[PDB]
Amino acid sequence: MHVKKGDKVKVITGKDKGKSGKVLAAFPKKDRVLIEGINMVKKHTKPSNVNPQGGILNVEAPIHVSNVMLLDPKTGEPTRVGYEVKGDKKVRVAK
Amino acid sequence: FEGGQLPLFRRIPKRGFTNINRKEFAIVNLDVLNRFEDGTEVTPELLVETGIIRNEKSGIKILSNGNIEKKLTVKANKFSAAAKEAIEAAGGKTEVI
RNA sequence: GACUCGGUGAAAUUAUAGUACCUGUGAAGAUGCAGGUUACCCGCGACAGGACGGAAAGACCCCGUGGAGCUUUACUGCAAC
RNA sequence: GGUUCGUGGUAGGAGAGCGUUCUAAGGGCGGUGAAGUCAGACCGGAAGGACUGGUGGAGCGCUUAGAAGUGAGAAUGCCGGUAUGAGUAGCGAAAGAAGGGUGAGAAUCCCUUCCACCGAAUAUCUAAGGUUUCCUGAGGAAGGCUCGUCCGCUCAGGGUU
RNA sequence: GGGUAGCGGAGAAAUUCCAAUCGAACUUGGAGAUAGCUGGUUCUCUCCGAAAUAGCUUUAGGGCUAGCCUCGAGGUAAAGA
RNA sequence: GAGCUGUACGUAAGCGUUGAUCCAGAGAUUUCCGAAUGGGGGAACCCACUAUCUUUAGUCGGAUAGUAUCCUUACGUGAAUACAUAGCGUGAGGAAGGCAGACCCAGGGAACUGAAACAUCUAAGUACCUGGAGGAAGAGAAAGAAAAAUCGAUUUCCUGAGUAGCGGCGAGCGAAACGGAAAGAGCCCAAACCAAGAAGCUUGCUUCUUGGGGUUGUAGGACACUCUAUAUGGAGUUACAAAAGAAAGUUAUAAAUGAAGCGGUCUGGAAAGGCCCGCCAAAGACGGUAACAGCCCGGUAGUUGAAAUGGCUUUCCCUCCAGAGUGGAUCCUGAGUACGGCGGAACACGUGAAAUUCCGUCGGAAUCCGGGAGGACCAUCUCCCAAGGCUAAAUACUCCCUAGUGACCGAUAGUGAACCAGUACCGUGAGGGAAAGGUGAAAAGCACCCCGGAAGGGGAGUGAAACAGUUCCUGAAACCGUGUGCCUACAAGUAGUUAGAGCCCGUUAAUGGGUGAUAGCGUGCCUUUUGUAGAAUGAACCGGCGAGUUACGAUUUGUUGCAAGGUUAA
Ligand SMILES: [Mg+2]
Ligand SMILES: [Mg+2]
Ligand SMILES: [Mg+2]
Ligand SMILES: [Mg+2]
Ligand SMILES: [Mg+2]
Ligand SMILES: [Mg+2]
Ligand SMILES: [Mg+2]
Ligand SMILES: [Mg+2]
Ligand SMILES: [Mg+2]
Ligand SMILES: [Mg+2]
Ligand SMILES: [Mg+2]
Ligand SMILES: [Mg+2]
Ligand SMILES: [Mg+2]
Ligand SMILES: [Mg+2]
Ligand SMILES: [Mg+2]
Ligand SMILES: [Mg+2]
Ligand SMILES: [Mg+2]
Ligand SMILES: [Mg+2]
Ligand SMILES: [Mg+2]
Ligand SMILES: [Mg+2]
Ligand SMILES: [Mg+2]
Ligand SMILES: [Mg+2]
Ligand SMILES: [Mg+2]
Ligand SMILES: [Mg+2]
Ligand SMILES: [Mg+2]
Ligand SMILES: [Mg+2]
Ligand SMILES: [Mg+2]
Ligand SMILES: [Mg+2]
Ligand SMILES: [Mg+2]
Ligand SMILES: [Mg+2]
Ligand SMILES: [Mg+2]
Ligand SMILES: [Mg+2]
Ligand SMILES: [Mg+2]
Ligand SMILES: [Mg+2]
Ligand SMILES: [Mg+2]
Ligand SMILES: [Mg+2]
Ligand SMILES: [Mg+2]
Ligand SMILES: [Mg+2]
Ligand SMILES: [Mg+2]
Ligand SMILES: [Mg+2]
Ligand SMILES: [Mg+2]
Ligand SMILES: [Mg+2]
Ligand SMILES: [Mg+2]
Ligand SMILES: [Mg+2]
Ligand SMILES: [Mg+2]
Ligand SMILES: [Mg+2]
Ligand SMILES: [Mg+2]
């Protein structure tokens with residue numbers, strides 16, 4: 001996938017378009033990605049072992065990768081990604 | 001089938017035989033020899049090139065249907081007595097090959 | 001057992017039905033057609049005259065140039081001897 | 001364009017058409033709501049076609065042509081669903097009673113007492129066959145011809161030296 | 001616990017039994033057997049519109065040719081009524 | 001190159017940039033059953049023996065290997081029987097079984113059916129069984145086809161031709177050659193004879209073994225003669241002899257890189273859509289993404305790529321190799337064969353006038369002055385040389401793999417099977433054989449409150465929607481209900497239709513809609529029939545599904561093109 005955990009992305013489609021964030025998890029089997037403060041859902045949680053008081057929890061739900069563009073840390077702009085081989089390991093490049 | 005009435009074909013007799021050595025000739029009536037230019041001798045191979053006969057079965061026979069105008073020197077495998085009497089009548093020589 | 005009550009709950013059948021009687025009529029035996037005669041609406045227990053009731057494409061009978069099993073001095077065969 | 005004679009119809013011949021799915025080309029509709037579906041008092045000589053509104057939530061017309069798994073009311077048709085009969089037949093040989101308990105709930109589970117039945121069996125073993133039905137705890141959707149707290153049923157754990 | 005198997009077994013003999021099948025088991029295939037028989041065969045309007053006879057037929061509820069219908073075309077002292 | 005520990009709408013413990021999970025090549029491990037093979041057995045079990053270790057104080061235990069049968073072959077031993085031989089033992093090889101129900105060759109081989117019956121005939125050498133099996137098989141380098149005065153192995157396609165023919169001359173069956181194409185490729189033996197052995201007494205001559213030689217028609221070979229080659233050249237594992245290896249190239253099996261819009265607005269839950277602007281394009285394939293994207297993602301065109309394994313192609317190595325002419329004194333040139341009789345079968349050809357080919361049985365040539373065929377047969381002529389073998393390609397089929405395509409299906413369709421299906425279930429067994437797809441973009445899968453034992457519900461909340469609430473897109477009809485506008489308890493009803501008050505409504509607004517006191521008229525639908533309301537048939541109802549099709553020929557009409565010409569097939 002063109003983004004991985006820890007990357008800053010821009011959201012380009014959906015109810016949260018224009019909002020940027022830090023990829024918290026990646027689910028490459030589903031081509032989905034979890035972004036901090038994006039696609040916030042209200043989980044109606046019974047009390048259990050984790051969250052013992054229960055409650056209506058406001059937390060992040062995954063966005064399809066095709067809906068995020070990588071933030072070039074140089075210009076702070078969304079970009080497409082290239083791949084250049086720098087001696088040892090290949091590294092992502094911007095446009 | 002006639003519903004059990006003996007079928008027509010079985011009421012009437014078989015006739016004759018097929019000759020193994022039967023010779024069918026390609027026919028060239030005179031009227032089509034007017035296609036050629038006076039003085040010309042007319043062979044089989046010439047009648048092929050002109051496309052008056054495509055297949056020459058057994059050979060070329062000339063028959064007397066219509067009438068000829070040009071003094072040809074026709075040579076074919078056979079001739080109608082009448083055809084031979086009509087080519088000469090105009091002023092041409094028939095020879096058999 | 002039936003019947004009433006409480007529980008549970010099938011089936012064959014079924015063109016749609018507000019589904020009388022008589023005499024006639026008609027594919028010649030009509031709940032349904034005609035002319036009459038009777039008959040307020042809805043059920044329950046009973047009975048089987050009718051619905052040519054249900055069941056099973058009649059076993060009888062005939063037909064089919066349909067089968068099958070059996071017979072023989074039918075025809076043609078085959079084993080065996 | 002008009003006169004004249006026609007226009008009942010089974011088997012059947014002839015003709016012109018409607019609609020369905022698909023293709024091509026052209027031209028369109030559609031999240032400001034496609035197909036489908038429901039409703040209506042609209043239009044055409046028929047097959048049929050629109051329009052409007054609801055439902056629906058993503059595809060679909062029209063024109064010309066082409067190609068066909070192209071149109072159903074009947075086949076004791078096939079498959080599915082649902083009626084009718086009907087709260088009807090039946091609930092599969094048999095003796096139960098009360099008290100106490102349990103429980104949301106008890107003719108139907110547990111206990112007690114009395115009663116009744118089998119007793120050359122309806123008792124006790126064992127082989128076949130079955131294959132976990134055995135035991136304990138929990139359960140009561142379905143199964144049990146009713147009920148059910150119960151069970152040869154469901155769920156866990158066990159159990160055969 | 002074994003044996004005999006379908007053109008076959010078995011039969012104190014009935015056409016009796018051979019897995020709720022037996023005048024020849026079951027299953028799969030040949031196989032969409034064949035069926036001059038029965039049933040069924042789906043949209044519309046327009047024009048015309050029969051026959052249920054003859055002859056022959058192992059034919060008689062089948063078929064063929066002819067007759068009677070329809071569509072097209074032709075010639076035609078119009079020959080038809 | 002950052003996540004991962006399969007599904008599947010779980011808990012736990014963990015792993016990973018010191019490179020995991022994942023993808024491809026190679027390797028290792030691979031219980032037990034199964035041909036199953038140490039013996040047995042009711043498959044997936046039981047029980048051994050022989051070695052060699054191992055454990056125990058020793059039994060009792062453990063590990064590793066070997067141990068089936070037949071065939072061929074070598075070596076040993078070895079009966080009646082004296083030598084032998086059978087038999088027995090050991091060691092090498094080999095087989096066994098399975099299946100792609102296809103295709104192919106062979107052995108065996110129906111019947112229904114058609115013939116309007118049926119027996120010859122057909123169906124049909126089909127189905128089926130059995131064997132062989134190969135990637136193809138079969139056929140195949142003329143004792144051929146013919147009748148120019150000539151072809152040159154086989155196979156397949158077009159054509160010949162529904163002809164010639166066969167046929168209770170019925171039903172039907174039905175060629176071939178010529179011509180045109182695809183593809184092409186030719187070869188090795190047996191025998192004369194030569195050499196060298198062995199075995200024999202044929203006692204110096206015959207019969208077997210190995211090598212050389214040699215392959216064909218008025219001839220070829222042997223054999224004499226001569227001319228050049230003795231690897232100069234040539235050929236090869238696809239026949240023509242048979243094993244071997246290397247190297248380079250290429251293809252396959254993982255991948256890499258890869259242009260251009262977060263453009264502005266509108267609607268919207270969301271934009272890829274509308275409107276308005278740009279841009280890339282050897283890339284406007286396909287898919288996904290919250291609606292329809294060439295410019296968001298995976299990609300796509302183009303361009304790169306392989307440590308490993310396999311395939312193919314070249315080249316090298318390696319292995320292997322004699323060809324012309326001239327003479328016909330003599331010799332050789334496939335024998336229980338060819339042919340023939342008898343009985344069958346195959347040939348399109350049913351015994352026919354029946355050539356040709358094969359089987360069983362019996363008889364049985366010639367053998368270079370020789371032999372066969374040309375559809376009885378003879379003569380002439382022509383063409384050919386059997387009784388030995390091998391041989392690629394063009395052809396057939398598809399259990400499979402890779403890439404794709406479809407005026408093919410879209411959940412009763414399409415496979416029986418979109419779903420844990422040859423399952424469940426049925427059957428003693430062979431065998432028969434289903435039903436069953438869709439929450440949402442995302443679980444955001446309904447905290448909390450309330451009635452209830454629970455189920456279920458009502459709120460609250462999530463969501464665009466919950467009348468999307470874990471079998472959850474849409475949600476028709478039958479069928480079941482609740483409500484109520486009109487009618488209905490003196491009526492005889494195929495249920496409507498025409499006339500028609502009254503009452504209630506108000507539309508796609510037009511000589512409208514609902515209901516219907518009362519009056520007239522009125523015997524469902526279908527099938528089958530001379531005739532059916534029929535007391536004849538069929539249908540409980542609703543829904544889906546459910547019947548003149550295609551191929552190749554014939555004929556006729558219409559259309560179009562060309563026209564005494566028209567048209568190509570493979
Ligand atoms: Mg004659
Ligand atoms: Mg009751
Ligand atoms: Mg009356
Ligand atoms: Mg009674
Ligand atoms: Mg009756
Ligand atoms: Mg009957
Ligand atoms: Mg009239
Ligand atoms: Mg009419
Ligand atoms: Mg559609
Ligand atoms: Mg249809
Ligand atoms: Mg129906
Ligand atoms: Mg009753
Ligand atoms: Mg009663
Ligand atoms: Mg009762
Ligand atoms: Mg009881
Ligand atoms: Mg007793
Ligand atoms: Mg118990
Ligand atoms: Mg119960
Ligand atoms: Mg219990
Ligand atoms: Mg008797
Ligand atoms: Mg029995
Ligand atoms: Mg058949
Ligand atoms: Mg049938
Ligand atoms: Mg008329
Ligand atoms: Mg007769
Ligand atoms: Mg063993
Ligand atoms: Mg017949
Ligand atoms: Mg890109
Ligand atoms: Mg918006
Ligand atoms: Mg949508
Ligand atoms: Mg989409
Ligand atoms: Mg001969
Ligand atoms: Mg013979
Ligand atoms: Mg024959
Ligand atoms: Mg001869
Ligand atoms: Mg013989
Ligand atoms: Mg001859
Ligand atoms: Mg002949
Ligand atoms: Mg020879
Ligand atoms: Mg299906
Ligand atoms: Mg559906
Ligand atoms: Mg639904
Ligand atoms: Mg009165
Ligand atoms: Mg009244
Ligand atoms: Mg009646
Ligand atoms: Mg009925
Ligand atoms: Mg035609």
Side-chain angles (χ1 to χ4, degrees), chain A residues 1-21 23-35 38-72 75-95, chain B residues 1-24 26-35 44 47-48 50-59 65-66 97:
Chain A
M1 297 190 333
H2 64 295
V3 302
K4 57 181 199 171
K5 92 183 306 307
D7 297 346
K8 272 288 307 197
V9 300
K10 179 74 88 66
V11 187
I12 60 167
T13 39
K15 273 195 276 282
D16 296 2
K17 78 173 292 188
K19 296 187 200 182
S20 58
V23 182
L24 289 176
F27 309 120
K29 289 193 185 71
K30 300 179 292 177
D31 286 355
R32 300 200 91 72
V33 95
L34 200 87
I35 309 294
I38 299 306
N39 192 24
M40 290 293 294
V41 296
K42 303 195 188 297
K43 288 188 190 174
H44 302 75
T45 314
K46 281 289 181 60
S48 65
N49 191 5
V50 186
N51 295 297
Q53 64 177 359
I56 287 185
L57 305 196
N58 202 16
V59 296
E60 303 84 3
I63 294 303
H64 193 277
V65 259
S66 57
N67 297 347
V68 304
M69 280 181 86
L70 195 55
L71 284 187
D72 183 6
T75 62
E77 287 285 357
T79 175
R80 302 188 297 263
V81 192
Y83 293 106
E84 293 289 352
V85 189
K86 299 293 293 301
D88 185 7
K89 187 205 298 182
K90 81 168 54 159
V91 61
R92 290 170 300 172
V93 164
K95 321 291 287 187
Chain B
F1 193 64
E2 298 185 2
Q5 179 171 259
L6 192 74
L8 170 60
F9 84 82
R10 286 188 69 183
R11 304 191 290 234
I12 69 188
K14 303 191 290 185
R15 192 179 182 76
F17 70 105
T18 299
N19 181 24
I20 196 69
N21 293 310
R22 175 69 168 139
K23 310 177 193 65
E24 304 277 346
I27 305 311
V28 185
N29 285 334
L30 290 176
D31 46 3
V32 305
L33 293 168
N34 291 351
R35 185 173 296 182
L47 286 174
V48 180
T50 309
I52 303 181
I53 60 166
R54 194 179 288 99
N55 61 342
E56 52 280 1
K57 310 184 288 285
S58 307
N65 210 9
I97 68 188

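Below, all heavy atoms of this structure are taken into account, side chains as well, without hydrogens, waters or symmetry copies. Proteins come first, then strands; the chains are lettered A, B, ... in the order of their sequence lines, and each starts at number 1.
The bases of C:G67 and C:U73 do not line up as a Watson-Crick or G-U pair with both contact lengths under 3.5 Å.
Not a single donor-acceptor contact under 3.5 angstrom links the side-chain atoms of A:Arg80 to the base of F:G261. A donor-acceptor contact under 3.5 Å is formed by the side chain of A:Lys15 with the base of F:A290.
In this entry F:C318 has F:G236 as its Watson-Crick or G-U wobble partner, both defining distances falling under 3.5 Å. Remark: F:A394 base-pairs with no nucleotide; criterion is Watson-Crick or G-U wobble with both hydrogen-bond distances under 3.5 Å. Under the Watson-Crick or G-U wobble criterion, with both distances below 3.5 Å, E:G6 is paired with E:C22.
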task: Go through B:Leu30 and B:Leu33 one step at a time and tell me if the side-chain contact (heavy atoms from CB on, under 4.5 Å) criterion holds.
output: CA-CA 5 Å; B:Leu30 290 176; B:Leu33 293 168; 3.9 Å; yes
- request: May I have the step-by-step check of side-chain contact (heavy atoms from CB on, under 4.5 Å) for A:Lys43 and A:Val41, ending in yes or no?
  value: CA-CA 6 Å; A:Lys43 288 188 190 174; A:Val41 296; 4.2 Å; yes
- request: Test side-chain contact (heavy atoms from CB on, under 4.5 Å) on A:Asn58 and A:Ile56 and set out the steps.
  value: CA-CA 7 Å; A:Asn58 202 16; A:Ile56 287 185; over 6 Å; no
message: What verdict does the side-chain contact (heavy atoms from CB on, under 4.5 Å) test give for A:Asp7 and A:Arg92, after you've listed the backbone C-alpha separation in whole Å, the side-chain angles of each residue and the deciding distance to 0.1 Å?
response: CA-CA 12 Å; A:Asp7 297 346; A:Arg92 290 170 300 172; 2.5 Å; yes
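Rounded to an integer number of Å, the gap from CG of A:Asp31 to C1' of F:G299 is 12 Å. As rounded to whole Å, 11 Å separates atom P of F:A442 from atom NZ of A:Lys30. The CD-P distance, from A:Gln53 to F:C448, rounds to 11 Å in whole Å. Atom CG of A:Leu34 and atom P of F:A443 are 12 Å apart (whole Å). Rounded to a whole Å, the NZ atom of A:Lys17 is 11 Å from the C1' atom of F:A272. To the nearest angstrom, P of F:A148 lies 16 Å from CD1 of B:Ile97. To the nearest angstrom, P of E:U58 lies 10 Å from CD of B:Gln5. Taking atom CZ of residue A:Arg32 and atom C1' of nucleotide F:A443, one finds them 11 Å apart after rounding to whole Å.
We find that B:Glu24 and B:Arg22 are joined by a salt bridge, their nearest charged nitrogen and carboxylate oxygen being less than 4.0 Å apart. Classification of B:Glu2 and B:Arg11 as a salt-bridged pair holds, one side-chain N sitting under 4.0 Å from a carboxylate O.
When the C1' atom is used for both F:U238 and F:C312, the distance is 15 Å, rounded to whole Å. Between the P atoms of F:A466 and F:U511, the separation comes to 46 Å (whole Å). Here, F:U209 and F:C187 have their P atoms 30 Å apart, quoted to the whole Å. The same atom, P, is picked in F:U237 and in F:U315; the two are 13 Å apart, to the nearest Å. Nucleotides F:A141 and F:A164 have their P atoms positioned 34 Å apart, rounded to a whole Å.
Nucleotide F:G311 carries a north sugar; the sign of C1'-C2'-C3'-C4' is positive. A negative value of the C1'-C2'-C3'-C4' dihedral assigns E:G32 to the south, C2'-endo side. A negative value of the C1'-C2'-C3'-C4' torsion places the sugar of F:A231 in the south (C2'-endo) family. Pucker annotation for C:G29 reads south, on the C2'-endo side, since its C1'-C2'-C3'-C4' dihedral is below zero. A positive value of the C1'-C2'-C3'-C4' torsion places the sugar of F:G404 in the north (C3'-endo) family.
Side-chain N/O atoms of A:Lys42 include none lying less than 4.0 angstrom from OP1 or OP2 on F:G463. A:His64 has no side-chain polar atom (N or O) that falls below the 4.0 Å cut-off from OP1 or OP2 of F:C297. Residue B:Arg35 has a polar side-chain atom (N or O) positioned under 4.0 Å from OP1 or OP2 of F:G565. Taking only side-chain nitrogens and oxygens, A:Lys95 never comes nearer than 4.0 Å to OP1 or OP2 of F:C295. Checking the phosphate oxygens (OP1, OP2) of F:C297, no side-chain nitrogen or oxygen of A:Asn67 falls inside 4.0 Å. A:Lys90 has a side-chain polar atom (N or O) that falls below the 4.0 Å cut-off from OP1 or OP2 of F:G1.
Here F:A379 and F:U380 show stacked bases; the six-membered rings are centred less than 5.5 angstrom apart and their planes meet at under 30°. Judged by ring centres closer than 5.5 Å and planes tilted by less than 30°, the bases of D:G45 and D:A46 are stacked on each other. Legend: stacked base step between F:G273 and F:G274; six-membered ring centres less than 5.5 Å apart, planes less than 30° apart. The six-membered base rings of E:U27 and E:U28 sit with centres under 5.5 Å apart and planes under 30 degrees, so these neighbours stack. The six-membered rings of F:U67 and its strand neighbour F:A68 do not satisfy centres under 5.5 Å apart together with planes under 30°, so the two bases count as unstacked.
Side-chain atoms of A:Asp31 do not come within 3.5 Å of backbone N or O of A:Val65 as any donor-acceptor pair. A donor-acceptor pair under 3.5 Å links the side-chain atoms of A:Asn39 to the main chain of A:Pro62, judged by distance alone.
Taking the syn range as angles within 90° of 0, the glycosidic angle of F:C262 is syn. The glycosidic torsion of D:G17 lies more than 90° away from 0, which places this base in the anti conformation. With its glycosidic angle within 90° of 0, F:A329 is assigned syn. A glycosidic torsion no more than 90° from 0 defines the syn conformation, and D:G31 adopts it. Taking the syn range as angles within 90° of 0, the glycosidic angle of D:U37 is outside it, so the base is anti.
Environment of NZ in B:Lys23: sparse, with no more than 12 heavy atoms of neighbouring residues, nucleotides or ligands closer than 6.0 Å.
Checked against F:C262, F:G461, E:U57, the side chain of A:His44 finds its nearest nucleotide in F:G461. When the nucleotides F:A447, F:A171, F:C4 are ranked by their closest atom to the side chain of A:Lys46, F:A447 comes out on top. For B:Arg54, the listed nucleotide lying nearest its side chain is F:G566; candidates were F:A442, F:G165, F:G566. Among F:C262, F:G3, F:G288, the nucleotide with an atom closest to any side-chain atom of A:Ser66 is F:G288.
Between A:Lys5 and A:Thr13, it is A:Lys5 whose nearest contact on RNA chain F lies nearer the 5' terminus. Annotation: of the two residues near RNA chain F, B:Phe1 and A:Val11, the 5′-most nearest-nucleotide partner is B:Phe1.
At the heavy-atom level, B:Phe9 lies under 4.0 Å from the strands shown only through sugar-phosphate atoms.
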- request: Encode nucleotides 12-19 of chain F as B, S and - characters from 5' to 3', where the letter depends on protein heavy atoms closer than 4.0 Å: B to the base, S only to sugar-phosphate, - to neither.
  value: -------B
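Heavy-atom minimum distance, A:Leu57 versus A:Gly54: CD2-O, 4.1 Å. In terms of heavy-atom proximity, A:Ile38 sits nearest to A:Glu60 at O-CB, 3.7 Å. Shortest non-hydrogen contact noted between B:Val48 and B:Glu56 is CG2-OE1, 4.1 Å.
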